[PDB]
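Structure first, then comments.
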Protein chains: 2
Amino acid sequence: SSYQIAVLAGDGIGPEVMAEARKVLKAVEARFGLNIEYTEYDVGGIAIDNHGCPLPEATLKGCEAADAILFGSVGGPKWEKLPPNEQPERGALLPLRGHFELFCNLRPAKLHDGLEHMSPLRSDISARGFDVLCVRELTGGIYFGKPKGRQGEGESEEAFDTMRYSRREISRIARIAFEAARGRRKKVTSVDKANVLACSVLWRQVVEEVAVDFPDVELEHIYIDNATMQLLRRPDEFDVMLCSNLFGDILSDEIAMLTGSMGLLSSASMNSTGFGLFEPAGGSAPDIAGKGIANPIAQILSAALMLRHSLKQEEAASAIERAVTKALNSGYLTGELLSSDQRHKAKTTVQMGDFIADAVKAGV
Amino acid sequence: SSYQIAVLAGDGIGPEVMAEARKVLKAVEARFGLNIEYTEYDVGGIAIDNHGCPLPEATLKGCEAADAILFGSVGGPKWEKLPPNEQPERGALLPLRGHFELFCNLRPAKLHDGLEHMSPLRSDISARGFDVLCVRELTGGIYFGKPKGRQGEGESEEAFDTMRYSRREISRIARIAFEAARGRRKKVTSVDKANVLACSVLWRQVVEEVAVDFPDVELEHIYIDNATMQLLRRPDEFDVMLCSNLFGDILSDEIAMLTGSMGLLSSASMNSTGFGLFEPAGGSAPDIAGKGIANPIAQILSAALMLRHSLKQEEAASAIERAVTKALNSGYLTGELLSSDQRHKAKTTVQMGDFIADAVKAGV
Ligand SMILES: CC(C)[C@H](C(=O)O)[C@@H](O)C(=O)O
Ligand SMILES: CC(C)[C@H](C(=O)O)[C@@H](O)C(=O)O
Ligand SMILES: [Mg+2]
Ligand SMILES: [Mg+2]
């Protein structure tokens with residue numbers, strides 16, 4: 001029967017890249033006989049303008065009635081002057097994650113063949129390639145721990161945040177990491193600060209407990225500060241990186257930037273029932289919105305991740321992935337992926353979407 | 001009159017690089033007529049072997065009687081199998097910082113002329129150069145906040161750490177940052193997670209309060225995740241980076257690795273009275289210890305920082321710095337700073353020390 005998708009395109013380039021993801025999805029629906037219905041809701045900046053808050057109740061209820069959320073990007077100059085805590089990115093994302101218990105974040109990043117030169121790494125390092133899957137715990141740690149707040153006044157006014165983790169929270173995300181590694185290159189690198197943080201001592205201990213179920217997977221532990229360095233020297237040696245909430249926030253951005261190709265990167269945030277929120281890794285790029293320049297690949301790959309993980313449609317997910325590969329090796333590239341002597345070869349957002357949808361229809 | 005220095009050389013390469021720092025310091029003492037007495041104490045790994053703990057009481061008392069601590073490096077394979085919390089690096093460093101209230105950490109990093117190629121950045125980025133001073137708050141935040149620990153058992157066993165900051169703690173480190181920027185390129189970039197953390201909301205607020213005393217210095221705020229990316233794209237645009245304890249731990253390592261030349265980098269940790277602990281940025285490199293290969297420049301520059309900040313001997317500090325510059329542009333380089341087709345030109349640890357001490361004696 002029918003699937004129901006909540007479409008939260010957001011701000012900036014969100015709507016124009018979402019339109020291309022819908023176009024590709026239509027080709028998929030036809031080719032594989034899937035019956036999917038979409039409802040669009042305001043979120044982020046547009047929601048503050050139209051409803052007074054970044055996550056309206058009608059949008060939240062709409063997501064509750066869906067099988068998955070296909071999310072664009074939120075934020076922009078306009079709302080930045082608001083205080084960072086009432087403000088559209090955090091205002092949409094933290095309650096969505098908390099409400100639906102989206103504990104698992106997957107952020108795959110790889111260097112694509114032929115695009116190694118866009119990486120900001122030295123050429124001999126980027127020529128080696130890399131392919132790293134960051135698994136980030138999304139609902140625990142210091143993001144949602146209590147108590148959180150402030151007290152006192154004047155010089156002695158103090159603020160406090162509490163990082164908290166339970167064995168139960170650690171083992172459920174660790175298992176995901178190990179199961180992923182088993183399908184990839186069978187290595188998990190767990191990232192912590194166990195020489196300082198009590199949470200990190202528990203983290204390391206629990207990850208080693210979970211490891212006994214996965215004797216085929218190699219486990220190593222690395223301190224977060226050292227990890228930021230090692231990713232610059234030997235990114236080819238990591239497979240799955242397992243991180244707590246805040247450490248994963250930090251490392252996943254570092255790794256994204258190391259690709260030099262953020263327009264290609266997608267993210268999945270899921271709960272244990274398979275419901276998730278699927279989004280491009282980059283921001284809303286408000287300075288390029290409405291010009292047909294934006295790269296829709298990240299939003300298209302988000303749809304592929306949604307098909308795989310929430311809708312259990314592996315063949316449909318794979319077909320999109322292959323259509324993206326065909327675009328990239330047939331010279332269908334957007335402007336930000338070309339040296340600016342090549343810039344006149346750039347394809348527009350719509351040309352990209354047309355090409356990819358056509359490839360799927362053609363049986364790629 | 002006389003100055004008293006506690007010498008804590010530690011493990012691995014610590015003693016062999018410390019010997020070269022002492023050699024340079026002797027040339028300085030003679031040239032500028034300084035009267036300095038040194039006492040050596042065990043710390044770290046060697047202290048666990050000889051005394052049963054990484055920071056013996058006799059060493060702590062010795063540091064209390066000194067004007068500054070000239071520190072080497074601690075740690076190694078041998079002690080790693082101990083639990084990360086009883087373990088020599090953390091076991092020496094956290095109590096030293098806490099005991100002497102060493103709230104201010106300075107970690108200068110720059111790309112030296114002629115060594116841009118050792119950076120792991122793409123050549124066009126590293127050709128631009130950079131020079132960034134990281135100012136890290138060292139005694140507050142999540143390192144020493146309470147409560148810290150665990151409770152419960154089984155699946156519901158939980159650990160917790162508390163990040164806490166007061167206005168007083170934030171304003172004292174911010175002022176240092178602004179005063180440094182005023183002597184450099186008059187820009188402070190404050191790094192926080194103000195869209196999630198209550199401490200970061202207070203941080204940003206207090207830094208803006210302090211800013212009113214420095215209308216000649218430009219202030220910007222950036223989120224920690226975004227900062228890890230921007231350092232890969234435009235490191236030349238940062239001057240002073242101002243960070244809380246954990247964010248500074250992370251960013252300072254990223255920046256160090258971006259130089260490709262960690263043997264050149266030193267660190268100062270100081271309290272408000274001028275007492276400090278001065279150390280090389282890198283580790284104890286136990287695999288090269290005792291071979292005459294290690295680069296003593298970081299330990300020599302630590303001594304220069306000690307002369308400047310704790311002993312208020314600016315001319316003596318500067319003379320060392322210039323002697324290091326003369327070595328680097330006269331081809332006095334250690335092995336890790338040469339491409340391995342050049343490796344036969346490498347100077348040993350002692351040759352480096354002799355050259356630098358000789359330069360100081362010659363009036364550089
Ligand atoms: C907007 C912010 C709350 C969010 C986070 O910190 O998780 C973002 O940085 C991210 O990586 O998704
Ligand atoms: C050894 C560890 C406690 C220490 C820290 O986290 O401050 C180290 O990583 C550093 O940067 O000096
Ligand atoms: Mg982030
Ligand atoms: Mg560190």
Side-chain angles (χ1 to χ4, degrees), chain A residues 122 124 229 233, chain B residues 7 9-31 70-73 76 108-120 126 129 131 256-267 278-307 316-364:
Chain A
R122 208 175 55 219
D124 50 311
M229 307 192 303
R233 271 207 324 130
Chain B
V7 178
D11 301 315
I13 65 165
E16 61 197 290
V17 302
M18 193 65 75
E20 300 315 311
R22 292 291 309 277
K23 177 190 289 173
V24 172
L25 278 164
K26 190 209 309 308
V28 164
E29 287 161 37
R31 167 165 168 198
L70 181 63
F71 194 102
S73 50
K110 80 172 320 192
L111 268 181
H112 291 258
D113 291 319
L115 291 173
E116 297 91 348
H117 63 285
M118 298 307 302
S119 175
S126 64
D131 180 342
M257 185 66 103
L258 284 177
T259 71
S261 65
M262 297 217 34
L264 306 184
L265 297 184
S266 61
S267 165
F278 304 86
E279 71 192 302
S284 63
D287 56 303
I288 63 161
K291 297 157 171 286
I293 295 181
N295 183 351
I297 288 172
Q299 187 72 248
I300 288 167
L301 291 173
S302 301
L305 292 172
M306 182 184 68
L307 288 160
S318 286
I320 296 182
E321 294 168 333
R322 288 197 302 282
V324 167
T325 300
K326 189 171 207 265
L328 292 175
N329 67 30
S330 300
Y332 268 65
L333 304 178
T334 47
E336 94 289 2
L337 297 173
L338 299 167
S339 44
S340 57
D341 62 90
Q342 302 291 257
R343 217 64 135 212
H344 64 268
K345 284 201 270 293
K347 305 296 176 175
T348 66
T349 309
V350 162
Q351 285 178 299
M352 296 292 311
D354 282 355
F355 180 89
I356 296 161
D358 278 344
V360 169
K361 292 182 39 171
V364 76

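What you see below is based on every heavy atom in this structure, not just the backbone, and it leaves out hydrogens, waters and symmetry mates. Note on naming: letters A, B, ... go to the chains in the order of the sequence lines (proteins, then strands), and numbering restarts at 1 for each one.
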When rounded to the nearest 0.5 angstrom, what distance separates CE in B:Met352 from OH in B:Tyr332?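 These two atoms lie 9.0 Å from each other.
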
Distance, nearest 0.5 Å, that separates CD1 of B:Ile293 from OG1 of B:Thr349: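 One finds 7.5 Å between CD1 of B:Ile293 and OG1 of B:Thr349.
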
So which atom in [X] and which in [Y] form the shortest heavy-atom distance, rounded to 0.1 Å?
X: B:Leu265; Y: B:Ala109; value: CD2-CA, 4.0 Å
X: B:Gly353; Y: B:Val24; value: O-CG2, 4.1 Å
X: B:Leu301; Y: B:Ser266; value: CB-OG, 3.9 Å
X: A:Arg122; Y: B:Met118; value: NH1-O, 3.5 Å

Original post:
Got a salt bridge between B:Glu29 and B:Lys26, using NZ or NE/NH1/NH2 to carboxylate O under 4.0 Å?
Top reply: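 So B:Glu29 does not pair with B:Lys26 through a salt bridge.
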
Is the shortest heavy-atom distance from the side chain of [X] to the side chain of [Y] under 4.5 Å?
X: B:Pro286; Y: B:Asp11; answer: no
X: B:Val364; Y: B:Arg31; answer: yes
X: B:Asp354; Y: B:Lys23; answer: yes
X: B:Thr334; Y: B:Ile297; answer: no
X: B:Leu307; Y: B:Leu25; answer: yes
X: B:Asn329; Y: B:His112; answer: no
X: B:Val350; Y: B:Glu20; answer: yes
X: B:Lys326; Y: B:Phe355; answer: yes

